[PDB]
Amino acid sequence: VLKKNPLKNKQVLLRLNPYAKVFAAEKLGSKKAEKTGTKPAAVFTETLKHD
Amino acid sequence: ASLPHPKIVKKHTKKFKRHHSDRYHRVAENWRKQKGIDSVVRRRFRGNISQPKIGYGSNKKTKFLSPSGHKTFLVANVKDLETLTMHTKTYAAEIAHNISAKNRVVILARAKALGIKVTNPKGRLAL
Amino acid sequence: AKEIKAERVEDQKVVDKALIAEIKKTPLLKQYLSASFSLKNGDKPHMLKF
Amino acid sequence: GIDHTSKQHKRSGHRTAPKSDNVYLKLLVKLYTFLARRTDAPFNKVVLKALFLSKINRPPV
Amino acid sequence: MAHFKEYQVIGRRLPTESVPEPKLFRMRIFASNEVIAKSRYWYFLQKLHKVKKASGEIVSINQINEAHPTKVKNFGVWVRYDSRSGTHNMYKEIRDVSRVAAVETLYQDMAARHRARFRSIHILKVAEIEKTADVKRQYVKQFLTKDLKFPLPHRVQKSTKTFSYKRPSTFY
Amino acid sequence: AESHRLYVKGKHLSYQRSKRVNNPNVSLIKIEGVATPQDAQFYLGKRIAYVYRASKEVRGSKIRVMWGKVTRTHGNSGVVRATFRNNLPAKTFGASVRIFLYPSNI
Amino acid sequence: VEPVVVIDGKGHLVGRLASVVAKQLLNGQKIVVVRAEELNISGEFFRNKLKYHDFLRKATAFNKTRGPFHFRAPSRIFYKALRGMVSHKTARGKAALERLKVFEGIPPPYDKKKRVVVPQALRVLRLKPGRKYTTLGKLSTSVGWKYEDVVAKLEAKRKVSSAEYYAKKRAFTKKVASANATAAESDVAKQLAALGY
RNA sequence: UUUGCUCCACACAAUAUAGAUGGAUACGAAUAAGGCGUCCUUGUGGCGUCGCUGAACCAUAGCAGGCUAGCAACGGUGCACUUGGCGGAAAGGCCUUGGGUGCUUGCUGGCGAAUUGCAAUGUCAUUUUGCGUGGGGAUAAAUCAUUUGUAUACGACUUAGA
RNA sequence: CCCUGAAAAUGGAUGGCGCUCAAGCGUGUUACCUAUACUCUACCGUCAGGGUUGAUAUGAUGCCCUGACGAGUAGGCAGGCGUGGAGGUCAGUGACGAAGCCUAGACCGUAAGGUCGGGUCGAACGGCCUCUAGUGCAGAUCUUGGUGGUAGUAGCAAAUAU
RNA sequence: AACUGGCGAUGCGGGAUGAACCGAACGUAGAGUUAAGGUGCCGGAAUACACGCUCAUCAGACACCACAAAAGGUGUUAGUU
RNA sequence: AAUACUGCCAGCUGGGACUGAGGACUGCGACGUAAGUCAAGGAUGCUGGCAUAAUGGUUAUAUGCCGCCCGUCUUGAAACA
RNA sequence: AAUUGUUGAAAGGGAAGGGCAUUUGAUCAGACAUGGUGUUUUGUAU
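What the deposited record gives as its method is cryo-EM, and the resolution it gives is 3.04 Å.

Asks: Residues and numbers for the overall build of chain A, please.
Replies: Summing up its helical and strand segments, chain A has 3 helices and 0 strands in all. Element order for chain A, N to C, with α for helix and β for strand: α-α-α. Against the globule reference of 10 Å for 51 residues, chain A gives a C-alpha radius of gyration of 22 Å, more extended than a compact globule. Along the longest, intermediate and shortest principal axes, the C-alpha atoms of chain A span 65 × 25 × 10 Å. Scored against the burial criterion, the 51 residues of chain A give a buried share of 8%. Taken as a whole, chain A presents about 5,000 Å² of accessible surface, with 60% of it coming from carbon and sulfur.

Asks: Account for the sheet that holds strand β4 (residues 73–83) of chain E, naming residues and giving values.
Replies: All names here are of chain E. Spatially, 3 strands are ordered β5-β4-β6 in an open sheet, and the strand pairing comes out antiparallel. A strand with exactly one partner marks an edge of an open sheet, and here the two such strands are β5 (86–96) and β6 (121–128). Each adjacent strand pair in this sheet contributes to an overall mean axis angle of 20°, direction not counted. Relative to β5, β4 runs antiparallel, the two being bridged by 11 bridges. Paired with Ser83 across the bridge in β5 is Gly86. Along the sheet, helix α2 (residues 99–113) contacts β4, β5 and β6; its crossing angle with β5, the most-contacted strand, is approximately 130°.

Asks: Residue-level account of the packing of aromatic side chains, with values.
Replies: Residue and element names in this part refer to chain F. Per the counting criterion, the structure on display carries 19 aromatic pairs over all chains. Summarising the aromatic geometry, the rings of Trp67 and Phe100 are spaced 5.5 Å apart at their centres and angled 40° between planes, so their arrangement reads as tilted. Taken together, the positions of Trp67 in strand β4 (residues 63–74) and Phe100 in strand β6 (residues 96–100) put the pair 33 residues apart, joining distant regions of the chain. Of the residues examined, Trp67 reaches a relative accessible area of 23% and is grouped as partly exposed. A connected cluster of aromatic rings, assembled from ring pairs, spans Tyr7, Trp67, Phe100 and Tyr102.

Asks: Go over the protein's contact with RNA strand I with me, naming the residues and quoting the values.
Replies: The immediate surroundings of RNA strand I are formed by 98 residues, with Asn98 and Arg104 of chain B, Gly1 of chain D, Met1 of chain E together with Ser42 of chain G found nearest. Here the atoms of RNA strand I within 4 Å of the protein split so that 75% fall in sugar or phosphate, with bases taking the remainder. Between RNA strand I and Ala101 of chain B, the relevant distance is 2.6 Å, taken from a phosphate oxygen to a main-chain nitrogen or oxygen of the residue. Within the backbone of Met1 of chain E, one N or O atom sits 2.2 Å away from a sugar or linking oxygen of RNA strand I. With 5 residues, helix α1 (residues 23–38) of chain D is the single largest residue contributor to the surface near RNA strand I.

Asks: Can you break down the packing of helix α1 (residues 14–26) of chain G against helix α3 (residues 74–82) of chain G residue by residue, with the values?
Replies: Residues and elements named next belong to chain G. Axis separation between α1 and α3 bottoms out at 9 Å; the angle between their running directions is 60°. On the basis of the axis angle, α1 is oblique to α3. Considering how the two elements wind past one another, α1 and α3 form a crossing that is right-handed. Here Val14, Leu17, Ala18, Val21 and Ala22 of α1 come into contact with α3, specifically with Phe78, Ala81 and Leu82.

Asks: Hey, could you go over the interface of chain E and chain A for me, with residue numbers and the actual values?
Replies: Listed by partner, the interface residues are 6 residues for chain E and 5 residues for chain A. Roughly 460 Å² is buried in total at the junction of chain E and chain A, and carbon and sulfur atoms are behind 51% of that figure. Of all residues in chain E, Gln8, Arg26 and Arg28 of chain E bury the most surface against chain A, accounting for 60% of the area lost on that side. Where chain E meets chain A, there are 1 salt bridge. Between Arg26 of chain E and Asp51 of chain A there is a salt bridge; the shortest N-O distance is 3.9 Å. Linking chain E with chain A are 2 residue pairs in polar contact. For the side of chain E that touches chain A, the secondary structure elements donating two or more residues are β2 (25–31) and β3 (56–64) of chain E. Ranked by residues supplied to the side of chain E that touches chain A, first place goes to β3 of chain E with 3 residues. Class assignment of the residues belonging to the side of chain E that touches chain A gives a composition of 1 nonpolar, 3 polar and 2 charged.

Asks: Can you tell me about the protein's contact with RNA strand K, naming the residues and giving the values?
Replies: The full set close to RNA strand K counts 51 residues, and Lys4 and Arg15 of chain A, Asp38 of chain B together with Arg20 and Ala90 of chain F are the nearest of them. Put simply, 79% of the atoms of RNA strand K that lie within 4 Å of the protein are in sugar or phosphate. Between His20 of chain B and RNA strand K, the recorded distance is 3.3 Å, taken from a side-chain N or O atom to a sugar or linking oxygen. Between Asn22 of chain F and RNA strand K, the recorded distance is 2.8 Å, taken from a side-chain N or O atom to a sugar or linking oxygen. Counting residues per element, the ones that place at least two in the surface near RNA strand K are α1 (10–15) and α2 (19–26) of chain A, β2 (22–31) and β4 of chain F together with α4 (91–99) of chain G. A per-element tally of the surface near RNA strand K places α1 of chain A first, with 5 residues. Its residues placed into classes, the surface near RNA strand K shows 17 nonpolar, 19 polar and 15 charged.

Asks: Summarise the pairing of strand β1 (residues 7–17) of chain F; cite the residues concerned and give the values.
Replies: Residues and elements named next belong to chain F. Relative to β6, β1 is paired through 5 bridges, and the arrangement is antiparallel. By the bridge assignment for β6, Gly10 is matched with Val97. Pairing analysis gives 7 bridges linking β1 to β2, with the strands arranged antiparallel. Considered in β2, the bridge of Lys11 is made with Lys30.

What counts, and where the lines are drawn
- Residues numbered from 1 in each chain as written, not as in the entry; some residues may be left out.
- Chains lettered and ligands numbered in written order.
- Part of a larger assembly, values for the part shown.
- Heavy atoms only, no water.
- Residues with missing side-chain atoms left out of burial classes, pairs and counts.
- Helix = DSSP H or I, 4+ residues; strand = E, 2+ residues; numbered from the N terminus.
- Rg over C-alpha atoms; globule rule 2.2 N^0.38 Å.
- Buried < 20%, exposed > 50% of the residue type's maximum accessible area, 1.4 Å probe, protein only.
- Areas by Shrake-Rupley, 256 points an atom, 1.4 Å probe, with all protein chains shown as cover.
- Pairing = 2+ DSSP bridges.
- Axes fitted to C-alpha atoms, helices over the stretch in contact; angles between N-to-C directions.
- Contact = heavy atoms within 4.5 Å.
- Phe/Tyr/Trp six-rings, centres within 6.5 Å; stacked < 30°, edge-to-face > 60°.
- Near = heavy atom within 4 Å.
- Polar contact = N/O pair within 3.5 Å; in protein donor to acceptor, adjacent residues only side chain to side chain.
- Parallel < 35°, antiparallel > 145°, perpendicular 65-115°, else oblique.
- Left-handed = near helix turned anticlockwise from the far one by under 90°.
- Buried area = accessible area lost by both parts, 1.4 Å probe.
- Salt bridge = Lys/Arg side-chain N within 4 Å of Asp/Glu carboxyl O.
- Nonpolar A, V, L, I, M, F, W, Y, C, P; charged D, E, K, R; others polar.

Rendered as C-alpha cells:
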C-alpha cells in the first residue's frame, strides 16, 4: 500500500538485498586496503613536473 | 450517533457564486460558467474567482454526509419513516416542509420510538 | 461551581529532607534553587548554555 | 508537464457491454463474463466480445 | 568557474593500422575540473593540429599541483585574447603563490580591465620569473623592493547590528 | 524579579511572499540579535504565541492568543518561517510574537 | 532591542541611511532621525544641486499647487527619500510613516536621550577617501531652506548645554571608576573576574 | 436643561490597540585620526592606555514576588514632601538641598507556597470616555432674526442694536 | 570605462526611491528567495488492465484492486440539474395551512440545483419510473411594462402693467 | 516567402508594465526542491565574499525593449612595437 | 607521514516540518534453538482541558497581496471599437 | 425586483465591487452527555 524506502528502514533493506547483513557485519563498504611501495616512473613524473 | 467515519472536509466550503452577480442585480447568484472570449474568469487569471471543478469533489466515503455523519432523508409520513428502522446509523430522518403540525407530532413520536435522529425536530412546534 | 492530601505532604517532607541535606554542602545552591529563572535583555539563548 | 507521446485518456474504442436494453442479453453477458473471467479458453473471450456487437456487426448466418 | 586547477591533458590521434602510436601531444590547461580540462585541451589542440575529439582520444588527465604551493613567485603570462574589433597579445606580470592563483587572478583582471571573458582568453604561457631585475611592470617592481612595507589606513569594520552606539572610528 | 519573560521576542515580518504574491499560510518571523541560519536552527520547533488583546472577554480573558510553531529557517539573516493553527491577521506585520523555549532541546 | 531609537543623522549617506531606516520602520521599530542638516549625499555638490533642480522643475503642469511638493528642508528631503522606499500608499506604509519622525537638529526630548548611528550607512565607512561629498546643510540652503542660520544658532546653544552635561558626566564617571579601582583587588571582584566578569 | 461645567483623587464599566512585557544608557569634532587618565615650560603639548563592536554598561534572587528575626553600616532604591534651580526647538523634563516613609539580596536564620493536577499568554500595559463617591475653581458665547455697506449671485464679509 | 559628439516640444521616469572601494560595469565563489514546474502524500474525475457467484453477495452499467493521466476558444461526445404538460406508483403532502414569495438562517451537491428553519398567504401541490415539449437568458441600438440618477435641476423670461 | 516554436485557443513565475520573449504549461490541497529572474528598500531573498575599472557641470544599471554613430580626449587603466 | 579535494559506507546519531491514507488475517522479511516478538503489505499509546460558540460555518469590516468591464467582431479589447 | 422612505448594523484620505488568508463584530448546527462493562422493584423494569 505504501512504498517504503530502502537505503533506510533496515527491515526493507534486508527484505531486499539479503547480502546487506553480511555487508554491514564485515564492513564491505569501508574495507581497509593493503599497502604497496609502488613508485611512479621518474620519466613520467618529470613529464608532469616539467615546463 | 452514526457509524465511525473519516474526518469531514469540504475542500471548498465557500460557495461558487456567478461572476458579476453583485455588480448586477439581474445576474443571479447561481453559478454559470463565464463562456466569453474576453472573460478573465474563464481564462483563469490570478486574483479572480475560481470556477467549480471536479477537483473539488468531496471524498466518496464522506459524500452527502452531514456533519453529524448521516445521510439526510426526507420523511413525509410515518410509513416512510418505517423504512429506516435498522438504518439509524446511516440515514437521518428529516420532516418534509409540507407536513402539517398535527402530523409532525406522530412522526416525531415514532421517530423516538424507532430511535432515528431527526434533523428538524423544532419545526412547526405547536405552542 | 468549584486542602491537600495528608499522604502527599509527609513524602514531600522526607524527600526534600534528603535533598536539603545534600544541597547544604555546596555553596549558594539552595538560594539558587529558590531564585526563579528569567530571560533578561541582551541575552541570546541560542548560544547561552545552562 | 509531460510530453504526451500519444493521446491521453484514449478510450478502448471497443464495446464493454451491449448498448441494447435487453434484459436477457444482459443476462447472457452476465454469464459469459463469468465464463471469460474464470476459464482459460479464448472461446469465451471471443463469444463475449461478439455479444456486444451491433445489428450490422451481427449479420444473419 | 574561476576556482581553478591545473591539469596536464595528454592525448593523441586515434591509433591506426597504417600509423600506430601517434605523437601523443600534451598541454597544461587551467580549468575548473577535468571536464573543462578535456574541452580546453581539444580547443587548444584544434587550433594547432588537424585532429578532433571524434578523430582523437585522451590518454591521460593528471592534476598538476605546485612544487611549492606556498611560496610567492612572479609569473610572466603571455596571453592572447579577442577584443571587440580584433585580437591582441600581451604579457602580464602577476605576483601570486601558485600558477592556479596566477591564472585565476589573470582571468579576473582581464575581465575587469579589458572586458575579456573566458571564452576569449587563451593563456599562451605562464613562465615563473626565475629571478628579479627583469620584470618590466612597475606595479610588480614596487612589490619587489627591499623591506616591502606599507600600512593599511582607514580600516572599515563590518557590523553585526543595524545600530551602533559608538560612531565607529577607523584607526588601523 | 522585575523581568518575567520566559520567551524571546520576535517581529512578525510579513507573509511568505513573492514579488507580488503572498502566501498567508506561512509567516516570517525575525528574532532580535539572531542573524545567521545556524544560530536560528536552534529556534526550530519552538512554540510561538501571538498574544493580542480583544475588545471583550470571551473565555475568561481579554487577552487572546494564536498559537504556532517555527517551521524552518529563511534566508541568511536568521528570519524563520512560522506556521500557526490559524494564520496571522496580516494586520500584525511588525507585531511582537513570543517564541517560548518549549519544546526544549538543550 | 530598543523601544524607540534616536538616529543621529550626522555623517550618514542619505540613501544608505534611508534604506535601513525604511526597513526598520516596517519591521515595527520606532525611529526618530535627528541632525538632518549634516546628512550627506555622495558626490559632487554642484551635481547634487543640478539633480535637485531636475527634480525641482517637475510639477503638475495644469495646476502647480498639487504637483510633487518639492520640499526644501533637509528633514523633508530625507523623508521624501525614505518614501518610495516604503509602500506609502497602503495602510501599512501609512503606519510606518507615522512611526517615523524626522527632526532638523536635535529638538527635545531627544536632546537628552541617547542617539544612535547606523554603522554601515556612514560616509566614513562607505565612501572611499578622496571622493568628495554633498551635505544637506548647504544643499538645502542652495535649494530654498530658509532656516539654516537659526538652526545654526540653536545647535550652537545645544552644544554648550550638552557640553556641560558631559563635563559633569565625565567627572562622575572618573570618580566612579576611581572608586571601582579603590574597591577592586578585593576577593569579591578578584574571583568574580576569573568567574567571568 | 432631572443640580449644570471643569479640574484634582478614588473607584466600576465599556471601547481600544500599526502592537509594553528590565533600562531611549544623552558631548562635540575628525576618520590619512580619535576617546580617556596623568603631567607640565597651557599648548594643534609630553607620557601611558583603549578600541579591533552593544557579545557592552546599569540593573537583575524573594507568595508575579509573602511573613518574620538578627548581624555589618549611614549605603542603595522607590513613594511622595521640600530647598532651590536650569531647560522655549515640539521647553512640560533634568539636576539638587534637606527630612519622612516602604523595600533592601550586603550577610545569616525560620515559616509559607502544593490540587491551575504533564502545557494551554494563563491576563498585570498604555489610551478615551460615562454613569458615580468627595474637594477645589469660574458663573459665557455664538447663530438665526432686524439693520449698515468699505461686501456680495447665495453664502461669506464688514457693520450697528438692549 | 568615462567624456565630447548628444537638440523637441504637459512633468517624469535604470519601475520608483536612491546608489559612488556602488545598490554601476566585467567576472567568479558560494548561500538564499520562489511558479499552477519537479518529488512524495491525500482526495476528485477520466482512462486502461484486472479481482469478485460448487449454500456466497441485497443477486454485478455493482463493489474492490492497480497504474497513469487531468490546460484549453471554435467544435464533438457523455453524465447529470431545472421548467410546462401526460401515463404509473408512493392506498404521497395539504385549510392544524399547498403553491407562491422574502430570508448577509442551516445542510447537501464540484456544479446546474435540491432540502430544511423562520415570516406572509390561503388552495392546491409533490418524489420516483417513463413520455412530451412553445423547456433554462445578461446582452440582440431586443419587445412590453415599470422604475431611477440627472433632479427638486433646466425651465414656467415675446406680447410694456399692476 | 522557407524550417521550427509559439500566440490565436494559455493560465502560472520572471521581463516595473506587454498575446507572442525567458522559465514552465494548469484538477483540489499539503510538504519539500527548483527553473527564469533575482537578493539596499519598496520586495521574498547576502548592504555576502573576491579581484579590478569608472566620477559623469545630461553617469550607468541586464536579452526581446524601447535609443545612438563616424571622429576625437597627455581623463584614466591596461597593452603592443 | 598527515591534512586539504573528490568519492564511498547496506556508519552512527541530534534537531525540525508536513502527512496517519486503509481498516479481520494472509504477503515479504528480520530477530529469537524454538515458542514468539517486530521499526516487516499506511498510527498507535498515554494524558489533559472544554463540551461550547471554544473549534468550525456564514456574513460584514479591516489588513497584506492580487484583481481593468462584461458580450462580440478580430491576429490582437480594459480600450479613445 | 428595480427604486424609495424609516429604523438597525457596519465601512468610507480622488470610486465601489471581487479572490486567498486571518483578525474583529454579529449570528448558526453538531456532539456523549448512548436501552450505557448492569445489579436486591418499598406484597419481583427508574
